[PDB]
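If you want the building blocks of each chain, they are given just below.
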Amino acid sequence: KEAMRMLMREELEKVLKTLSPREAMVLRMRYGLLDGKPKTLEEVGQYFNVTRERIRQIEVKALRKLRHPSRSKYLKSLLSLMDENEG
């Protein structure tokens, strides 16, 4: 009962497997997993030593690497995560 939730952990797991520790970390921050508060790439990139282009690069290569283990979880997960959905 206590400490029970398991809301969901599919897309997060399917994507992380392709991204390296450093690449995933940037998205971890962007996702708000590091502290629980989602931040924009500007906060993450600037936090390290790179601009949006770095995660921009990861998203690209991630897509290339995803074309094998997962059909396109990154796309759907990213689409569902942002305001790409119509209201």
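Residues numbered from 1 in each chain as written, not as in the entry; some residues may be left out. Heavy atoms only, no water. Residues with missing side-chain atoms left out of burial classes, pairs and counts.

- Going by the annotation in the PDB entry, the name recorded for the protein chain is RNA polymerase sigma factor rpoD, with Thermotoga maritima given as the source organism.
- The deposited entry bears the title "Solution structure of sigma A region 4 from Thermotoga maritima".

### Structural notes on the layout of surface pockets
Phase 1: Put simply, the largest pocket is a space of about 460 Å³.
Phase 2: Residue lining of the largest pocket: 13 residues in total, with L7, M8, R9, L12 and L81 positioned closest to the centre.
Phase 3: Mapped by element, the contributors of at least two residues to the lining of the largest pocket are α1 (11–16) and α5 (73–81).
Phase 4: Within the lining of the largest pocket, the residues separate by chemical class into 7 nonpolar, 2 polar and 4 charged.
Phase 5: Here the second largest pocket is characterised by a volume of approximately 270 Å³.
Phase 6: Lining the second largest pocket, in full, are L27, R30, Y31, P38, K39, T40, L41, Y74, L78, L81, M82 and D83.
Phase 7: Among the secondary structure elements, those contributing two or more residues to the lining of the second largest pocket are α2 (21–31) and α5.
Phase 8: Across the lining of the second largest pocket, the residue classes tally to 8 nonpolar, 1 polar and 3 charged. (1 Å grid on protein atoms, 1.4 Å probe; cavity = no way out; pocket = protein on both sides within 12 Å on 5 of 7 lines; lining within 4 Å. Points joined across faces, edges and corners; volume = space filled by probe spheres on them. Helix = DSSP H or I, 4+ residues; strand = E, 2+ residues; numbered from the N terminus. Nonpolar A, V, L, I, M, F, W, Y, C, P; charged D, E, K, R; others polar.)

### A word on the UniProt feature "DNA-binding region" in the protein chain
Phase 1: When the UniProt feature table is mapped to this numbering, "DNA-binding region" covers residues 41–60.
Phase 2: Overall, residues 41–60 shows 85% helix and 0% strand. The separation of its end C-alpha atoms is 15 Å. (UniProt positions renumbered as here; feature names shortened; annotations may be inferred.)

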